[PDB]
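I'd like to ask some things about the structure below.
First chain written, first letter: the chains are A, B, C, D, E, F, G and H, and each begins at residue 1.
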Amino acid sequence: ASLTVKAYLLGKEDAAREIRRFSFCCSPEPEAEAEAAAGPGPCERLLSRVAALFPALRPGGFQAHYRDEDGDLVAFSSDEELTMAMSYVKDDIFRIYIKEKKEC
Amino acid sequence: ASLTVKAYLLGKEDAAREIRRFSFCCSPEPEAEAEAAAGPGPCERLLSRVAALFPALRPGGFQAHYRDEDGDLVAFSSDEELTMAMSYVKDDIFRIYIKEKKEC
Amino acid sequence: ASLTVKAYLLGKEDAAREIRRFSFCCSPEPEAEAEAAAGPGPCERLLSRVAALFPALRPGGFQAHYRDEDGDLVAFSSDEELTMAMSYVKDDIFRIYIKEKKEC
Amino acid sequence: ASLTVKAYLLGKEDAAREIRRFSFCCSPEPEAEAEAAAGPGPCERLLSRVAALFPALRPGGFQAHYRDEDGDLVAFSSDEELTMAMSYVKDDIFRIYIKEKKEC
Amino acid sequence: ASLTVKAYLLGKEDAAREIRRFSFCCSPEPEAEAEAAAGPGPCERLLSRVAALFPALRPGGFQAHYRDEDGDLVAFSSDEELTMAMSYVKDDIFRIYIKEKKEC
Amino acid sequence: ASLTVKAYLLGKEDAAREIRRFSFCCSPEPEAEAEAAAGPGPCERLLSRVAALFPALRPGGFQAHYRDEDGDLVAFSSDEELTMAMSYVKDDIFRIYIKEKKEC
Amino acid sequence: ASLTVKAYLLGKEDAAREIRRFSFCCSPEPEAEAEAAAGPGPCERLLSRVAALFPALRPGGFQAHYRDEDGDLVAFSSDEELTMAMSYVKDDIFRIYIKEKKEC
Amino acid sequence: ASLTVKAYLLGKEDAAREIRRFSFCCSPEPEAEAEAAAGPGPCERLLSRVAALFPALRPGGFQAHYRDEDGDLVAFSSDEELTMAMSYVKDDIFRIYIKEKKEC
């Protein structure tokens, strides 16, 4: 399941500041034997890869979102919630919206 | 009865600060034999799950609401009152409005 | 006679602080034999149920009101006066206005 | 694989200020023995050549982009991302869009 | 079940031309023995009474409506559909909207 | 599965001429023994009921539609296609759009 | 591979006259043993299903198209050409455009 | 060298009547040993494949063209002239223009 993720980085008034467009492999998985318990999570591997590409942000300091049917930026941080996020993929493009974690 | 709950977290002037959108299983219930008296309540399981998702709040310190026909944020804390709250579900989306418990 | 009571709790400048919206069963009554003299009163059962729902008030320390045709908050504490209060029900919603009993 | 790169240098309101049009040799490679580990990268050789031609910019201080199917200026800085950039070549012209790195 | 019917007679651009406000006795019924099969229908008695009051219309030549939650003038002509019309009564006022049957 | 069908009857420029709003029982079914092969179809029972309510149309001479995500009036006449029509129900309201079968 | 086909039927000035929206199973295939040579073709099964749904056309008398990147209605009739047609699927919707075979 | 050929079939006033868009393998060639003298020619294989796809024409009765820099439909029938035709390929699309051979 080759899945393209188009990571929007949002700015001041929720206008996009930098777009990245990488590829992601959620349903694919490594070798079918346990070298660990079971890897990282599918949302933990996503946020580890969004943090690796953008130079403008550091890992652990950003909140990834998506747009639902109402147009609202629904956040996601879990991997049982990333599966609800990915039911909104249009063609193969999973558009996420990155916002940084400021003061309050 | 798969039931989607869209938890709005309200801010200063009752504007939404963070939206979460999980799923909830009120009318479904576990195995039909008593390992306890009867579980937690259907409102106790709801507020235990709203507190588990949001990192910005801690359990026991938030008041969940809903909008009635007048547009007012009617609160609910009981499970005989959650059944009156859930007669306002539109499609399958049960929109609740979370407010934190401050000083006075 | 299923009758919905929307209990407004008034605040500083008679602005509503918490709304509750329960259901009430005035004209319905229990089994048609005397286990007591005749229960509590229909206003005594109302004020016992308004005190049970709100955590912010304690029983015996609040004055329930209603709005008449002039817009004035007419109080009621009797059960021969609750019958005059309930001649202002609009659809099935009996809006009462709760005020607490302070110093003077 | 002779590949023409048409380097647009963008200005104030993303209008082109200077166009350069050089040639690039991504899939071609030098002698088939290791005088080093493996050269520079195919994106490192591209940005070293865009910086060599334009007198108006200095190396390390510009962000190269491309247009995707949505019309958005998707940036690229990696060489596993330059391979996704180059799947948008039209005839043999790989149009990149240069933007300088200002204050914030 | 005393039920007030406020019959709006609509005009050119669906503006009310004459309002009548009578009373109606749907759930009440005559003597509990069959002098006929079972009377007229509860919608047949309604349209026979709307035609009796208005001098501007003649029976069989008008279409009675109601407003649903969307604001649309939903028509009704059956008595299994009048029961769905009467689930929109607000206090005890059942507002119907009369339109005459013209050419096409 | 109580399911409300709001039958729009379209006019000249696809503007609604008469709206009907009945109820429909697709997934419910009669007694669990065969008095026939298996009844009519779930789309055959729907179009038999839309034709029964509207006086302005006669059975066999109308095409029922629905709106998909693109806003287009997708027609349906089969009962393996009515199941795809009914995946667009919003709350419990299944809005169909009736058009009559004219010359060409 | 569940694949939705949205069959536009074109009219006089290539404006759509009737839209159908069925589902298609190209890459899925029946039991893995030969009851025949190898079924019909994947384009022969498509045109047999488009002809089965539309009442306005008869099989063998219509030309199915698709839109390429230029906006042109490229026809297809082969099954080595249907595989080039299906590289333009957007989400899972394979929009074909039906035109009938008239005089000349 | 995968090469896409978009075969326009021209009509009365040189307006396109049917477009076909197949793929062609000019510079690729079969096994590197002589089962014949040397196959057909690269223009003979092209015109044998254009005649195989279009049902509206028969082989030997059509003239394939291309557009040069002046906008003129330059014909080609040789395979030392097809190599001059294919120096006008834009991305990988080799647009030819088919005209049938009528009376005079």
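Criterion: contacts are C-beta pairs under 8 Å (C-beta built on N, C-alpha and C of every residue); 3 or more make two chains touch, one makes a residue touch a chain.
S.K.: Tell me which of C-E and E-F has more C-beta pairs in contact.
M.R.: E-F
S.K.: Check D-H, A-D or C-E against F-G and flag the pair whose interface repeats it, over half of the contact pairs matching by residue number.
M.R.: Checking each pair in D-H, A-D or C-E, only one repeats F-G, namely A-D.
S.K.: Measuring from the mean C-alpha position of subunit B to the mean C-alpha position of subunit H, what distance in angstrom results?
M.R.: Result: the chain centres lie 68 Å from each other.
S.K.: Quick check: how many Å separate the C-alpha centres of subunit A and subunit C?
M.R.: 52
S.K.: For subunit B and subunit E, what's the span in angstrom between their mean Cα positions?
M.R.: Going by mean C-alpha positions, subunit B sits 41 Å from subunit E.
S.K.: Provide the C-alpha centroid distance between subunit A and subunit B, rounded to the nearest whole angstrom.
M.R.: That pair's centroid distance is 26 Å.
S.K.: Residues of subunit B that touch two or more other chains: which are they?
M.R.: none
S.K.: Within their complex, state which residues of subunit H touch subunit G.
M.R.: Result: residues 18-23, 53, 55 of subunit H touch subunit G.
S.K.: Would you mind writing out the residues of subunit H in touch with subunit D in their complex?
M.R.: 89-91
S.K.: Inside the complex, what are the residues of subunit A that reach subunit B?
M.R.: Residues 68, 72-75, 77-78, 81, 84 of subunit A touch subunit B in their complex.
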